[PDB]
Structures are given as C-alpha cells and as structure tokens.
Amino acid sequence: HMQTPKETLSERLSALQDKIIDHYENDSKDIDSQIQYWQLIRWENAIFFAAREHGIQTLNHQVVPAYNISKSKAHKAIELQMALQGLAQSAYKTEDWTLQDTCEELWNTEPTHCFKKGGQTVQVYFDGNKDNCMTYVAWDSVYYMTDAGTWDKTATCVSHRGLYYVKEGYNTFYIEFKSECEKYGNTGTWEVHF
C-alpha cells in the first residue's frame, strides 16, 4: 500500500505515543530515560505541527492542536531536554531522576529553570491572622546551571526576607515574602514558620 501523508504521520505518532506511555509505565530512575522522554515529546509536537501544515484536522483520533500549542510544547520539551543533557554531565548524573523530578510542573515552580528535590514546607501567616496563611516549599536541594553551563547542587536558605539559594556566590531569592505580603494582607507584617 502507498501510504497517504496522513497515514505516514499517523503511523509515526502512534509509535511515539505508545513509547510515551511506556515511560509512564516503567517509571525509570535514570536521567537518560528522562532525556529520551523529552525527545519523544518534541517529536510528538513536531508531528502535530507538520500535520496542521498538511491540512490534517485529526490524527489517530487525536485533535491536531493549534500551531501555537505545538510550538509552545516543543519549546518547553527542548528546554527541559537540554537542561537534563547538561545535568547528565554533572556529578549528580547517577542520582535518581524520575518523571516526577523532571516534569514541566516542577520545572515551572520557583526557582524556575532549576531542578529541586526534598521540599520542606514553610508556613507564612499575614497580619497575625492565622487563617490567612500561604504554604511555600524550601527545597532541600536546588540544582542550577552556572554561567559555564555546568549544573551545581546547593541547599535552600530561609530568612524573614524570603527563600533563597546561593548561586555562584550570589544570594538568589525565589520567594520574596514582602512581595507576597503586599498581595495577601497589606500591613507590612508577616510571620514565617519553619
């Protein structure tokens, strides 16, 4: 059979999507698995982009997303893949690196463009009001990229000002409690419980 362009794109998507769920099933602790996972997601979105370019509305029953959605998700996938490829050349390569450790949701969480492990909870009460309380996470370990492109591991520090980590000699705040107060209470008073 001579494959229609939709049939070819369909065949490739079905294999990619099967592989993606294999990853979910396996729950590998290997950083190299996560790198591969994010490659699959880039490829998935590249297929959906090409599908739309070819006037295809649905592919293997999947609704072909808007160009902006395919592009956004691919860019996100590349970003994560290259961060993981760098992290894989660090001393921390052989730690456990799971789907959960390397998902977009966590990546987008402060501090962003960093990996983090071991969240310890921080409770902040605004205006002495106990029932007006925001929960934050002080990460046991933050992995950040240096200017040289290598990944280093450091701990979080708590203070009245906020949550920070030391990035190549520079205190780097990822939560500012003043900014959070000026948004949940507005008296200039807050209490930090850690």
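We number the residues from 1 along the sequence you see.
Colleague: When the Cα temperature factors in the entry are averaged, is it 179-187 or 18-26 that ends up higher?
Modeller: Per the PDB record, 179-187.
Colleague: Which wins on mean Cα temperature factor, 50-58 or 27-35?
Modeller: The stretch with the larger mean CA B-factor is 50-58.
Colleague: Would you mind finding, among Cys157, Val142, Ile41, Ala148, the residue with the largest C-alpha temperature factor in the entry?
Modeller: Most elevated C-alpha B-factor of the set, per the entry: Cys157.
Colleague: I'd like to know which of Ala66, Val166, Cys133, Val63 has the highest C-alpha temperature factor in the PDB entry.
Modeller: Checking the PDB record, the top C-alpha B-factor among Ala66, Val166, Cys133, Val63 is at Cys133.
Colleague: Going by the CA temperature factor in the PDB record, which third of the chain does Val124 belong to: lowest, middle or highest?
Modeller: Its C-alpha B-factor belongs to the highest third of this chain's values.
Colleague: Give the position of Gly118 by CA B-factor within its chain, expressed as the lowest, middle or highest third.
Modeller: It belongs to the highest third of the chain when residues are ordered by C-alpha B-factor.
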